[PDB]
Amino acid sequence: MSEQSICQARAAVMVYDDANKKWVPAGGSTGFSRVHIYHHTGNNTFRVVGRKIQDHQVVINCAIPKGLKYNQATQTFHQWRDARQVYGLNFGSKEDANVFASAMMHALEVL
């Protein structure tokens, strides 16, 4: 209607700062976000969208293209690439990580 949330997880959204070889908080400030995968049924597309809990900042809004490689680097830190940045999710718990990864793996299968 026109998108369905196929999962939600609590995570600190990060992007990799290539110049300084460090992870930084997406959107410029620390704190946890609520991160969803949304599925547009009409076009069979997916995206990751997340808002900071404390102040509702949109900190991630990125398409999940067919063929994306989703790297589960650790049980609570998962990451993927796009042309502009590497995104990372530092999950609040192993359970949050698992629910999100399960949905991501499903999306990538049906793309």
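Just count from 1 along the sequence shown to find any residue number.
Colleague: State which stretch shows the higher mean Cα B factor in the entry: 28-36 or 78-86.
Modeller: According to the PDB entry, the answer is 78-86.
Colleague: When the C-alpha temperature factors are averaged for each of 102-110 and 3-11, which stretch ends up with the higher value in the entry?
Modeller: Of 3-11 and 102-110, the stretch with the higher C-alpha B-factor average is 102-110.
Colleague: Going by the recorded CA B-factors, say which third of the chain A63 sits in, lowest, middle or highest.
Modeller: For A63, the deposited C-alpha B-factor lands in the highest third.
Colleague: When the deposited Cα B-factors of this chain's modelled residues are ordered and cut into thirds, is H56 in the lowest, the middle or the highest one?
Modeller: CA B-factor rank for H56: middle third.
Colleague: Tell me, lowest, middle or highest third: where does the Cα B factor of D18 rank within its chain?
Modeller: Its C-alpha B-factor belongs to the highest third of this chain's values.
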